[PDB]
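Some notes on the structure that comes next.
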Amino acid sequence: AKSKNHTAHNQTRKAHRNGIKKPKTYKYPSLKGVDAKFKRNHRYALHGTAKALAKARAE
Amino acid sequence: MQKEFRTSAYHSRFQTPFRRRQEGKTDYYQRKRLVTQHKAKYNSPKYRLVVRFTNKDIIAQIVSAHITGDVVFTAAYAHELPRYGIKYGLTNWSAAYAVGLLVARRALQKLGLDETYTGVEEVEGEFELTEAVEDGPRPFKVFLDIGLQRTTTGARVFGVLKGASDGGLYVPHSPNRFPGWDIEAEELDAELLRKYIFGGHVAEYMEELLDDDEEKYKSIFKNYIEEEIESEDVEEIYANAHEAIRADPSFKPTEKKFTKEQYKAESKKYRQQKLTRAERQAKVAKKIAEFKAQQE
Amino acid sequence: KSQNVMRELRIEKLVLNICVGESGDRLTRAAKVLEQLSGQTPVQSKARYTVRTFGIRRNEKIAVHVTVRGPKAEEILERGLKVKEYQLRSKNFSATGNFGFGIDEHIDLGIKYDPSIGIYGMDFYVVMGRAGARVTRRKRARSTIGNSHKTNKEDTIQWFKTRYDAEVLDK
Amino acid sequence: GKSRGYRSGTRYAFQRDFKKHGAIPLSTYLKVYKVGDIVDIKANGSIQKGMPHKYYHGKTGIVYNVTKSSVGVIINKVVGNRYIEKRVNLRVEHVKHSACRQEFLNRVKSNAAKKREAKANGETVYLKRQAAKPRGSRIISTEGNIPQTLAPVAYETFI
Amino acid sequence: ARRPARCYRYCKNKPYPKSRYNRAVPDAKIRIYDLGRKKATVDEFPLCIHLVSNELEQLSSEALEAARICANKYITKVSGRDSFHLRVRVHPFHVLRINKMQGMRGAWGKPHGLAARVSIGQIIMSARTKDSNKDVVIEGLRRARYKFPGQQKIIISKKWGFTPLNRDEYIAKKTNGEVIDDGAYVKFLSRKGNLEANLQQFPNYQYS
Amino acid sequence: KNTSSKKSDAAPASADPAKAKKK
RNA sequence: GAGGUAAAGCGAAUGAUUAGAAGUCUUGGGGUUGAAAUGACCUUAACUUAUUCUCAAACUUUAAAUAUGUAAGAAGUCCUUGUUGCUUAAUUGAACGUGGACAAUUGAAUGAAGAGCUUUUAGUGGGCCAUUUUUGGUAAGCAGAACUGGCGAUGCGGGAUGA
RNA sequence: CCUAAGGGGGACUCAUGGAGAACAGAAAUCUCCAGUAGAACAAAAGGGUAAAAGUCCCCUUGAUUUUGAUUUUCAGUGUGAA
RNA sequence: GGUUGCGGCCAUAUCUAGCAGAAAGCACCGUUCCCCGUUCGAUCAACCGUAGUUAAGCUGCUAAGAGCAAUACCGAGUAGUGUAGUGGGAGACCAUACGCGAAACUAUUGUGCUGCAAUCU
Ligand SMILES: [Mg+2]
Ligand SMILES: [Mg+2]
Ligand SMILES: [Mg+2]
Ligand SMILES: [Mg+2]
Ligand SMILES: [Mg+2]
Ligand SMILES: [Mg+2]
Ligand SMILES: [Mg+2]
Ligand SMILES: [Mg+2]
Ligand SMILES: [Mg+2]
Ligand SMILES: [Mg+2]
Ligand SMILES: [Mg+2]
Ligand SMILES: [Mg+2]
Ligand SMILES: [Mg+2]
Ligand SMILES: [Mg+2]
Ligand SMILES: [Mg+2]
Ligand SMILES: [Mg+2]
Ligand SMILES: [Mg+2]
Ligand SMILES: [Mg+2]
Ligand SMILES: [Mg+2]
Ligand SMILES: [Mg+2]
Ligand SMILES: [Mg+2]
Ligand SMILES: [Mg+2]
Ligand SMILES: [Mg+2]
Ligand SMILES: [Mg+2]
Ligand SMILES: [Mg+2]
Ligand SMILES: [Mg+2]
Ligand SMILES: [Mg+2]
Ligand SMILES: [Mg+2]
Ligand SMILES: [Mg+2]
Ligand SMILES: [Mg+2]
Ligand SMILES: [Mg+2]
Ligand SMILES: [Mg+2]
Ligand SMILES: [Mg+2]
Ligand SMILES: [Mg+2]
Ligand SMILES: [Mg+2]
Ligand SMILES: [Mg+2]
Ligand SMILES: [Mg+2]
Ligand SMILES: [Mg+2]
Ligand SMILES: [Mg+2]
Ligand SMILES: [Mg+2]
Ligand SMILES: [Mg+2]
Ligand SMILES: [Mg+2]
Ligand SMILES: [Mg+2]
Ligand SMILES: [Mg+2]
Ligand SMILES: [Mg+2]
Ligand SMILES: [Mg+2]
Ligand SMILES: [Mg+2]
Ligand SMILES: [Mg+2]
Ligand SMILES: [Mg+2]
Ligand SMILES: [Mg+2]
Ligand SMILES: [Mg+2]
Ligand SMILES: [Mg+2]
Ligand SMILES: [Mg+2]
Ligand SMILES: [Mg+2]
Ligand SMILES: [Mg+2]
Ligand SMILES: [Mg+2]
Ligand SMILES: [Mg+2]
Ligand SMILES: [Mg+2]
Ligand SMILES: [Mg+2]
Ligand SMILES: [Mg+2]
Ligand SMILES: [Mg+2]
Ligand SMILES: [Mg+2]
Ligand SMILES: [Mg+2]
Ligand SMILES: [Mg+2]
Ligand SMILES: [Mg+2]
Ligand SMILES: [Mg+2]
Ligand SMILES: [Mg+2]
Ligand SMILES: [Mg+2]
Ligand SMILES: [Mg+2]
Ligand SMILES: [Mg+2]
Ligand SMILES: [Mg+2]
Ligand SMILES: [Mg+2]
Ligand SMILES: [Mg+2]
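This is how it looks when you write it as structure tokens:
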């Protein structure tokens, strides 16, 4: 039979009708993939930090 | 008829090694393995025990590496030993032990870990590592850097190793390179190691040589002869020296007979200085004219 | 100064080679001869590759050689120069200042003959050098030797003629 | 037969620089990377562990993870009509701090220094950058520089 | 056997030279590029005449051989075999391909011949001779022009023979001792490098 | 006893270049 | 920041490649001077040295244009000191924080019928053409890629006529 | 295809050229010097590698266990591989 | 300023050939009982600093040096290229317009800088 093999023609037209959008930025990135040893300890540091601020305001 | 090899293209495409590798002084493979620190400890440095031997001196330094260059923490030289009571044999295995003990004590003095981490106060030659104190700061950790010097059981670098370990520094190591290690029966004969710590091999050489060749004893052991120092009181030379090293391990610089400026002015008088462009142009013109006499 | 004490020529090493073309008993007896002459256990060299014309194969133990230094080297060298009746050629000296010769029977050196051992020829090479060659052989700070301190053919020839009262031909 | 392996087409990208092969200078191993640092990515062909894919060679990103010998870098890659967040683990031999931070962080300091000085002097200062503007008027002196007249030159052959 | 040259006139493909990738390549028809008195010194033949291409084009090795033969024959017949030094300045390094020797499936061709890829202003043939032999050498090249496709110009060089110096700079460098013979070519003095070797090579160097 | 060790790397040599007859 | 294409280069590596010149104790040969000495001479051919003509998609020191990654702040910068079982010899750091200072030129331009987000579903999944880059082929109104713009899906004015 | 051709450590430095040594010659073995890699790294090719990643020696099983995260192809599914 | 130890950048530091080097340092250098490694105390190990030497290493200087580095009324606004026209030319290709813009070449200049510690006429 034999047909068209490949072409990227018209593909940039389609990507730019509604896309080519930069990703949104957030204040807190996800910690997925961050070192488990750091992540394990970072849990304890944040928990203790919340307690200290809670007591200071309770005063 | 062979091709001349050293062409201009050979020099053009030649890639020169690192300056201190071409000097044959730094093993950068070993240096990379020693220096590189866990990236999650960020700015905490690794400390090296640099041990270098010259023909006359033993240099022991505690070094941390930085981008602008290495930075010395403390340093003990073998030529500091006469202050502590060792005047001859400044390259013994025992002089190496003394230099290691001195650098360990001096570093601990600089840090403040003197009363804590005293070390092995009663040297019996047993293998031992500086153990941490519970509910206290960990011992100063240092890694041994022997440079290009070969690792052999009995080498002098491990004398500094044992001294630094006995001085209170935590230096990770094994005893199978100490003098007195039986490779067949994998245990350390601590008696022979203790013998080596207090100059026992040198004293035994003095005793064995004296009754077999008095003339050679007179030439090899001159300094001992004019000081009337025999073999039996060698150990005391070290045993006292140890105590003195622990009493005041602080660095006392040599009083300088001249100031820095006077030294610089004296040295600046010698060593030729480069010719001006005009001078060498005149030299070229003279050489051209003086070449005219071989025109045939 | 060209007349410096440390510029003194003297022998670095003497290397004794017997390249018996085969492996087995004959090579073993050549090794026995070398261990007898030098007093040190010699080392056997293996063929780097296979040649059918020479009857050798790769990694077949072909030759045996030994290196001697010090007074024993001097004694063996003069013992071999006696066999050569103290007469080498100019062509026997390399451009790097080393020289060599080859004896044809090892009983001419002055050792006992055994019918089991037989006679082997032998190859002598002497490596000359002044003091300070350790610079090129030490591990740390290895460097090269300056041109004046280098050993060359003329200095070695003159030193050999002076020290042995021998003749260096050039046929 | 098509070939599309991991390092296909990287013959020159992953080459060492001319007369720069061999051992890595140790400032590479002494640099300190913190989470949030901006780093350029350039694969070193002589270190094959922790090596980036050929896509990230020449890309710049944010460090998000720091491990024993490596950093995790966040890259935004175009996949069709949007960006996908990519998290690449790279040994520090293939990483260098981005020099774009140091220019902007200095302009922040310069703006802060200039503002307090004008505040100290009780005057005002304008800190917004400006593009190059058309040049002003000027007077050209002709003492020693009387105009020299040029003409187009005739055609010549020089072979 | 051989197709008409019109099938291979234009540089449509990338250069396809002999390599480890194409090995069954025939030889170029032209093998000799220097003719006449090629051992003559530079001073013997001051006049240089070029045949220059006014086309970005491909010239077959067959055409190169034919034009070389035509020019050589004419100039040696009219002025003698020792009155000139002819040099062919283009080497055919590009391999042409032929397909038939089904249809378009697997149509990658086999080596068929060799051609030189020339640009505009590129010299094809150079002839160094004496001035009095100008009109001969020109007529030798103009006939050779007929063996080539496209447009060529016969241009008299401003330079002395095959040297890169003009006919006035060569005389200046000659009376100053800055030129020495090297057989058919010359070597020029350098003010860089070992002074002694430079002085030895040019004894007649009037230094200033 | 002892034997010379292979300082070279020509593992699959088994012959040598330059070694041409008639030369 | 990245790149290795255009160009350029080959008295720069690799590979190809024209011509002489001067030299050397494996010169490769012919005639020799030689009674024979390998020890000269005439010669051609090898190499070496400094040169010479011409080249490379799967060569290259150098090296564009176009195109490409990141940044240009309030989620910023600086100061002090809280948390942890992580880290340091440590009172060192790491991360997250309390408190304080820097106010509209809050840190380039230009624009912005506003930005962001979600669900669901149609048709389509034969393409073709023009400029430029470009592969196979002698070429093709041939076959195949790159970017963009078009025709398809589109009338209108021009090209007589014509996707 | 590989119990090493995997892993760690150590020592050494390959292709090749020149000058020399009985048999020995173009090619056997020995010596020095030169030697930016012109070698070798199972195999196609490209990249990478010199106090090594090459050659030789010593010790070994990390060619092991639990599963997560990530990169490539990508629909950001699988598989393979990392 | 010299020197050593450890370095950063990694030839302005390399390569070749000459010449010079006070002090200290470094080095060569002397020895083999001991730990240790070798065919060989040559390398490696250990001992002495005692018998000697700056001959070499190292350092500095010299060279119309090779190489390397930097600069430019050098070449050259050339080659190439983004964009444009119902421009030229049968074509191959070329000119013009708004922009970007090399490499080779030529000339000149330079030939390590520097951090920590110790030491020295
Ligand atoms: Mg079909
Ligand atoms: Mg289809
Ligand atoms: Mg849009
Ligand atoms: Mg370098
Ligand atoms: Mg090591
Ligand atoms: Mg045989
Ligand atoms: Mg195929
Ligand atoms: Mg393919
Ligand atoms: Mg690159
Ligand atoms: Mg791997
Ligand atoms: Mg303001
Ligand atoms: Mg084509
Ligand atoms: Mg023909
Ligand atoms: Mg069919
Ligand atoms: Mg024509
Ligand atoms: Mg091999
Ligand atoms: Mg074989
Ligand atoms: Mg490419
Ligand atoms: Mg090109
Ligand atoms: Mg080109
Ligand atoms: Mg070029
Ligand atoms: Mg070339
Ligand atoms: Mg050249
Ligand atoms: Mg050059
Ligand atoms: Mg070539
Ligand atoms: Mg000659
Ligand atoms: Mg003849
Ligand atoms: Mg440049
Ligand atoms: Mg570049
Ligand atoms: Mg660019
Ligand atoms: Mg505080
Ligand atoms: Mg706050
Ligand atoms: Mg701006
Ligand atoms: Mg739908
Ligand atoms: Mg849909
Ligand atoms: Mg659908
Ligand atoms: Mg549907
Ligand atoms: Mg169709
Ligand atoms: Mg359909
Ligand atoms: Mg269009
Ligand atoms: Mg057009
Ligand atoms: Mg088509
Ligand atoms: Mg069709
Ligand atoms: Mg349709
Ligand atoms: Mg329309
Ligand atoms: Mg109409
Ligand atoms: Mg119409
Ligand atoms: Mg019409
Ligand atoms: Mg391996
Ligand atoms: Mg292994
Ligand atoms: Mg291994
Ligand atoms: Mg190793
Ligand atoms: Mg080479
Ligand atoms: Mg497995
Ligand atoms: Mg996958
Ligand atoms: Mg798949
Ligand atoms: Mg996917
Ligand atoms: Mg996936
Ligand atoms: Mg998967
Ligand atoms: Mg000064
Ligand atoms: Mg001195
Ligand atoms: Mg010795
Ligand atoms: Mg030693
Ligand atoms: Mg000296
Ligand atoms: Mg000297
Ligand atoms: Mg120069
Ligand atoms: Mg210069
Ligand atoms: Mg254009
Ligand atoms: Mg463009
Ligand atoms: Mg156009
Ligand atoms: Mg018109
Ligand atoms: Mg223009
Ligand atoms: Mg220099």
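Chains as they are written, first to last, in the deposited numbering: chain AC, 2 to 60; chain m, 3 to 298; chain s, 4 to 174; chain 2, 2 to 160; chain r, 2 to 102, 113 to 219; chain i, 32 to 54.
Positions of the beta carbon are idealized from the N, C-alpha and C atoms, including for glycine.
In chain 2, which residues lie with their C-beta within 8 Å of the C-beta of residue i?
i              : result
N19 (chain AC) : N82
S168 (chain r) : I160
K56 (chain AC) : Per Cβ cutoff of 8 Å: no residues; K56 (chain AC) is ~29 Å from chain 2 at best.
For residue i, go through chain AC and note every residue whose CB falls closer than 7 Å to its CB, in chain order.
i              : result
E124 (chain 2) : Simply none; closest approach about 36 Å.
Indicate the three-state DSSP secondary structure (helix, strand or coil) for residue i in the structure shown.
i                    : result
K22 (chain AC)       : strand
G62 (chain 2)        : strand
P139 (chain m)       : coil
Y79 (chain m)        : strand
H7 (chain AC)        : coil
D28 (chain r)        : coil
residue 1 (chain AC) : Only positions 2 to 60 of chain AC appear in the structure, and residue 1 (chain AC) is not among them; the question remains open.
Since residue i sits in a beta bridge, which residues does DSSP pair it with?
i                     : result
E58 (chain r)         : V129 (chain r)
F7 (chain m)          : Looking at the DSSP assignment, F7 (chain m) forms no beta bridge with any residue, so it has no partner.
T34 (chain i)         : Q47 (chain s)
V67 (chain s)         : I21 (chain s) and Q47 (chain s)
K198 (chain r)        : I191 (chain r)
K16 (chain s)         : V130 (chain s)
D35 (chain r)         : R88 (chain r)
residue 105 (chain r) : Residue numbering in chain r breaks between 102 and 113, and residue 105 (chain r) falls inside that break, so it has no position here.
Run down chain r in chain order and give the residues with a C-beta less than 7 Å from the C-beta of residue i.
i                     : result
residue 319 (chain m) : Given a span of 3 to 298 for chain m in the structure shown, any question on residue 319 (chain m) remains unanswerable.
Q24 (chain m)         : Correct list: empty, because the minimum Cβ distance to chain r is about 27 Å.
Output, in chain order, the set of chain m residues within a Cβ distance shorter than 8 Å of residue i.
i              : result
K116 (chain 2) : Within 8 Å Cβ-Cβ: nothing; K116 (chain 2) doesn't reach chain m, min ~32 Å.
Which chain m residues sit within Cβ distance under 9 Å of residue i?
i              : result
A144 (chain s) : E25, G26, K27 and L150
Since residue i meets chain 2, which of its residues come closer than 9 Å, beta carbon to beta carbon?
i              : result
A16 (chain AC) : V79, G81, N82 and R83
What does residue i touch in chain m if you count any residue whose Cβ is under 7 Å from its own?
i              : result
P214 (chain r) : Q297
Which residues in chain i have a C-beta closer than 8 Å to the C-beta of residue i? List them in chain order.
i             : result
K64 (chain s) : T34
Report the neighbours of residue i on chain i: residues whose CB is nearer than 9 Å to its CB, in chain order.
i             : result
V23 (chain s) : Simply none; closest approach about 15 Å.
Pick out the complete beta strand (DSSP E) segments inside the stretch 11-65 of chain m, 3 residues or longer, and give them in chain order. For the stretch 11-65 of chain m, whole beta strand (DSSP E) runs of length 3 or above, ordered along the chain, are 49-55.
Go through the stretch 60-100 of chain r residue by residue and report every complete run of the alpha helix (DSSP H) that reaches 4 residues or more, in order. The stretch 60-100 of chain r contains these whole alpha helix (DSSP H) runs: 62-80.
In chain order, what residues place their C-beta within less than 6 Å of a heavy atom belonging to ligand 17? With 6 Å as the limit, the residues whose C-beta approaches any heavy atom of ligand 17 more closely are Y52 (chain s), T53 (chain s), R61 (chain s) and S45 (chain i), in sequence along the chain.
Would you list, in sequence order, the uninterrupted alpha helix (DSSP H) runs of no fewer than 4 residues that lie entirely inside the stretch 78-149 of chain 2? DSSP runs (the alpha helix (DSSP H)) wholly in the stretch 78-149 of chain 2: 101-121.
Just list the beta strand (DSSP E) runs in the stretch 145-183 of chain m, keeping only unbroken ones of 3 residues or longer that don't cross its boundaries, in chain order. Counting whole runs of 3 or more residues, the stretch 145-183 of chain m contains the beta strand (DSSP E) stretches 145-147.
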